[PDB]
Each structure stands twice: as C-alpha cells, then as structure tokens.
C-alpha cells in the first residue's frame with residue numbers, strides 16, 4: 001500500500017549500524033513473524049548474518065518439559 | 001460589565017471544541033514531543049479536556065457559566 | 001576590562017530555551033541546524049564552546065527569538 | 001551573487017524578511033527510488049575469490 | 001566495473017514499480033537520462049540472479065520485462081549515435097527464464 | 001501543568017493513564033435474565 | 001526629566017520578595033522622600049497582601065498599610081508613600097491597560113507617584129533588570145515638524161514613559177560586603193585549608209600523573225594533520241595541573 005512513510009525509518013537503522021559496531025558494546029536482535037517480505041539490503045552482510053529459525057522437538061526434548069511440569 | 005466581555009469572543013473567527021473527558025479531579029496530562037530520529041505516536045488528555053481544532057488540548061477548571069453535569073464526555 | 005566583557009555574554013540568553021538538533025557546521029561560527037519544530041535555519045553560534053567535539057547527533061538548545069545555539 | 005554563480009540543486013540560505021540569497025551552501029542528492037545503493041568503488045577484485 | 005573505471009549501478013527491477021499512480025512508468029525511462037550525465041556507467045540488472053546479498057534469484061515479466069525495455073531504448077540509441085559507454089549486465093542461472101524476444 | 005508563556009511547572013501530579021468512559025460504555029449485568037433465552041444453559045455452565 | 005534614587009539595601013529587598021512571588025504579580029508600597037519633583041529618594045518599601053489573580057485597583061487593604069506605618073513610626077523611621085511597585089515577570093516591561101488604570105487611582109491621591117517594575121524572572125541574568133515608569137504628563141515631554149509635536153504631547157496623555165533608575169552608595173554598607181568573603185571562623189578556616197591538602201597528596205599525585213600519560217601520544221598524532229579542538233584542550237589541561245601542585249607545595 002505505501003513504501004515512503006516507512007522509508008525514513010528504514011534509512012536510519014542502516015545509518016546507526018554504520019555509526020557504531022567498531023567499539024561494539026550494544027547488540028541488536030531482530031524478531032519477525034512475516035519474514036516473507038524483508039528488504040534485500042536488510043540482509044546484505046554487515047547488517048545481519050545469523051538467522052535462527054524455530055524447529056521440531058526431539059523425543060528427549062519433549063520429555064524434559066514433561067518432567068518439569070509433573 | 002460581564003455581559004459585554006463574553007459577547008466579543010463569540011463574534012467569529014471563534015473556536016468550537018469538543019470535550020473528551022468530563023472529570024474535575026487529577027489534573028495534568030501530556031501532548032507533543034521533541035525530535036531526532038525513530039517514530040511512534042503518543043497522545044493523552046485528562047481532568048477536563050477540550051481539544052480545539054488546531055489539534056491542541058486544554059486543561060480548564062469548571063465554571064457555572066454552563067454546568068458540567070449538563071456537559072458530557 | 002577583558003574579563004568584564006566575558007561575564008556579559010553568558011547572561012544574554014538564559015532559560016527558558018528552545019531545543020533544536022545540530023545538522024552540520026557550515027563553516028567558522030556558522031552552522032545549519034534543524035529545529036525540532038521542524039524548521040531548519042542557518043545560524044550563528046557564540047565562541048565560548050568547542051566546535052568539533054559537538055556530535056552530529058547532539059541535541060542543542062538554541063534561543064527562540066534569535067535562533068542562535070546557546 | 002548572480003544567477004551564473006548558482007548551479008541547480010544547491011542548498012542555499014534565503015532571508016526571511018527580504019527574501020534574497022544570502023549564501024549558497026554545498027550540494028545535495030535525492031533518492032527517487034526506494035532503494036539506492038551505488039558502488040563507485042568495488043567489493044571484488046581478481047583475487048576476490050580464486051579459481 | 002572497478003577495472004573499467006566506471007560507476008557500478010545496480011537497479012533492482014521490482015523496486016521500479018509502484019502502486020502509486022504513474023510513478024512506475026516514469027521510473028524506467030527516467031533512469032536512462034541519469035546514466036548519460038553519469039557516463040560511463042554499468043547498468044547491472046539486479047534481482048534476476050545475485051550471490052545472495054540481495055533477495056531473489058531469477059524472474060521474468062518484471063525483471064526481464066523492465067530489462068527488455070532497456071534493450072529497446074538502446075536500439076534507438078544505436079541509430080542516433082555510434083559510440084556507446086553504457087553496458088548492460090544480465091545475470092542468470094536458468095536458460096528458461098529467457099523470452100523469445102530475449 | 002505548565003503555563004502558556006511563563007513556561008514553568010505549576011504543578012506535579014502522579015502518572016496514571018486517564019480513565020475511559022468515552023471508551024468505556026456500560027452495560028449493566030442484569031438488564032436481562034439467564035432464564036429468558038435460557039436453555040442455552042449448558043454452554044453458560046462451561047463458560048462459568 | 002526625573003531621577004529616582006533607589007537605596008543600596010533597597011534593591012536586594014525588592015529582589016527577594018518578588019522571586020518568592022514568581023510568576024504571580026507582587027506589589028508593595030514605596031517609602032522615601034520627595035525634594036522638588038526632580039529627585040525621588042526610596043529609603044524603604046514594604047509588601048502588602050498577595051494575590052494569585054493579579055493586582056487590582058481595589059486590591060488595596062487600608063488596615064494593613066495604616067497599621068504597618070504606625071509600627072514603623074514607632075521604630076523611628078516614618079515617611080510618606082512616594083509611589084508603588086508592581087511586578088511583570090516576562091509579561092514585558094511595558095505596562096498593561098489594566099495597570100494604567102491602577103496607576104491613575106494612586107496619582108488621583110498623589111500629585112505624582114512612580115511605578116517601579118522589576119522582572120524577577122529576567123533578574124536571573126546576573127545583572128540588574130529594573131524599569132521605572134510614569135505617565136506622559138507633559139512639562140518636559142514637550143521639551144517631525146515643530147507645531148506638530150507640542151500639541152501631540154498635550155492632546156494625548158497616559159502613554160508609557162520609562163525614566164532613569166539610579167542609586168547612591170553608602171560607605172558603611174560598601175565596607176560590610178568586602179568582609180563577606182576573605183581569600184572569627186576565617187582565622188581557623190585558612191589555617192585548616194593549608195593542612196588538609198597535604199594528607200590527600202598521596203591520592204592527588206596518582207590522578208595528576210594519569211592525565212599526563214593519555215595526553216602525550218595525542219599531540220604527536222595531531223602534529224601531522226591540521227588542528228582540532230581536543231589538541232588545544234589537552235594542552236591547556238596540563239597547564240592547570242601544575243599550578244595546583246604549587247599550592248600543595250606552598251602549604252609547608
């Protein structure tokens with residue numbers, strides 16, 4: 001529907017990353033729920049590299065959970 | 001003396017406004033901000049509010065010139 | 001006499017004061033600032049304060065009527 | 001200053017009660033597209049990767 | 001582009017089209033004029049294969065279609081001049097992303 | 001509370017959000033009966 | 001014109017009371033003496049009742065002023081009221097339509113009265129911001145074209161005319177002041193000061209050495225390139241450090 005209003009916001013995040021992270025002391029962590037429509041240069045390295053996705057559980061993992069609640 | 005006084009403000013341009021909250025205890029509230037970069041909206045209003053149409057909110061203590069119970073939120 | 005003059009200047013502007021945020025230093029005692037009213041001006045600044053230890057992200061107090069960085 | 005002295009797309013100072021150009025500042029660009037990334041220096045070379 | 005001593009201009013195809021009225025049609029044409037002032041230049045059509053620095057590998061009808069347009073602008077150019085300095089770079093993996101016109 | 005040209009703090013008051021009656025419309029819990037269109041009873045018991 | 005003379009003590013009295021008043025209006029009465037209409041002396045002033053609504057023409061309280069005068073008279077310092085003060089804190093030094101009306105009531109009573117205004121919120125500059133006012137009352141407001149002017153001053157009355165603010169010093173009050181500093185208690189205070197520094201020196205030394213080590217590689221690096229505002233700062237810093245060590249030395 002739009003891509004302008006949001007644009008100035010997006011530029012600033014790129015500016016900040018570049019402003020710091022050579023005397024790293026602050027971390028940036030992202031969460032998504034609709035990661036089917038990210039920006040290409042939100043992903044360009046030097047801005048993001050690890051992508052951790054949620055998995056299916058192991059039999060042994062289910063058990064642990066069960067042991068705690070009971 | 002009072003009658004002339006009130007009359008002058010009526011002759012237009014005049015501000016009509018909308019009372020959002022009736023209430024008449026717990027003053028203070030908040031509107032507007034500073035700047036720099038990163039965008040999330042905020043708005044507030046309490047005691048009694050009128051929001052005038054330049055989009056400004058105002059804190060007034062009640063008068064008997066019109067009765068507040070007769071007024072609504 | 002030199003001392004006496006130096007006293008006067010700090011007085012001339014005092015509180016309340018308006019806030020702006022520094023865009024850039026154009027040159028010696030000139031700067032482009034963007035006020036948080038969102039009106040940008042080209043302004044005078046008084047010589048009593050460092051001019052390259054001022055951050056490009058630093059919020060600054062400028063006078064309202066004269067628009068000079070206090 | 002005269003009009004030959006200006007070159008389009010300059011940031012400038014205009015007075016507010018006389019509305020003449022006091023000075024001209026430096027220059028300024030514009031993103032018309034929603035993603036501008038131009039590289040005039042590279043991220044690769046011959047020995048960027050081998051083989 | 002570095003060796004050639006020109007600008008690397010990556011244009012992402014799908015970023016050229018807007019749900020805003022008329023802005024997309026103006027955008028493809030508008031770019032060519034810019035390059036000429038910038039000349040010499042490299043136009044890489046980005047988003048039709050990448051390393052994976054930038055989303056999407058492949059696409060027709062709006063990565064090829066905008067690119068096709070470029071081929072036609074150039075055909076006229078070739079008739080009205082005889083020395084160029086505008087190169088087009090296409091990248092693909094697929095041979096099946098290629099239209100009959102291509 | 002601030003003034004409008006002196007721009008000073010007239011008062012301080014503790015931060016709660018403003019209450020909502022312009023966003024809280026009241027429906028009293030007994031303008032009806034649960035024997036009026038009762039016999040829907042069983043679903044009432046599970047919600048209870 | 002006119003010159004009102006404000007007492008040495010008087011200015012300080014005025015400032016304290018108004019500051020407490022902030023940002024509401026405060027008025028009081030001024031006492032002193034008249035010689036001719038050329039000179040106005042203000043010896044003393046007293047405050048009257050406070051108002052959050054603002055001063056008014058009917059805001060005068062007869063009992064209060066009457067009563068106080070008797071008590072002052074008893075102390076051996078009676079005088080008449082030479083005029084009145086009213087405050088404007090940032091409401092402009094220029095008097096309002098309301099204040100002129102107020103001002104007229106007093107002048108009905110007097111033959112001439114002064115209005116002294118202080119802006120107490122603009123008094124936190126660090127030097128005085130005081131204004132003195134009167135009405136436009138001809139005599140020597142008559143002192144573009146030449147028939148035009150005299151008539152204009154005549155025709156229209158009750159326009160804003162600020163006048164000169166002055167003082168006269170007094171030798172005893174001047175001396176008192178000098179004593180209130182000293183580079184009874186002071187005798188001890190000086191001696192003490194010398195002592196205390198010596199004990200601490202061990203710590204002071206360590207901080208003083210630290211600053212110097214940081215500062216040096218910097219000036220070298222900066223040597224290459226143009227200058228910038230930290231190089232200077234760094235140089236200046238070291239100069240002061242050294243001065244402080246002498247005083248420690250001086251104490252023994």
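All positions are counted from 1 along the displayed chain.
Note that Cβ sites are derived from N, Cα and C of the backbone, with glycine treated the same way.
Of the given residue ranges G:44-57, G:58-71, G:72-85, G:86-99, Swiss-Prot assigns the label motif 'JAMM motif' to G:86-99.
Screening G:123, G:185 against Swiss-Prot annotations picks out G:123 (annotated as phosphoserine). According to DSSP, residue G:216 (phosphothreonine) is assigned to a helical segment. Taking a C-beta cut-off of under 8 angstroms and a sequence separation of 6 or more, residue G:86 (Zn(2+) binding site) has the following same-chain neighbours: G:25, G:26, G:27, G:55, G:99, G:102, G:115, G:117. Spacing of residue G:88 (Zn(2+) binding site) relative to residue G:123 (phosphoserine) is 11 Å (Cα to Cα, whole number). Around the Cβ of residue G:88 (Zn(2+) binding site), a 10 Å sphere holds 20 further Cβ atoms from the protein chains shown.
Counting in whole angstrom, residue G:123 (phosphoserine) lies 45 from residue G:216 (phosphothreonine) by their C-alpha atoms. Taking the mean position of the Cβ atoms of G:86, G:88, G:99 as the Zn(2+) site, the remaining same-chain residues with a Cβ inside 8 Å of that point are G:25, G:27, G:55, G:87, G:91, G:95, G:96, G:102, G:115, G:117.
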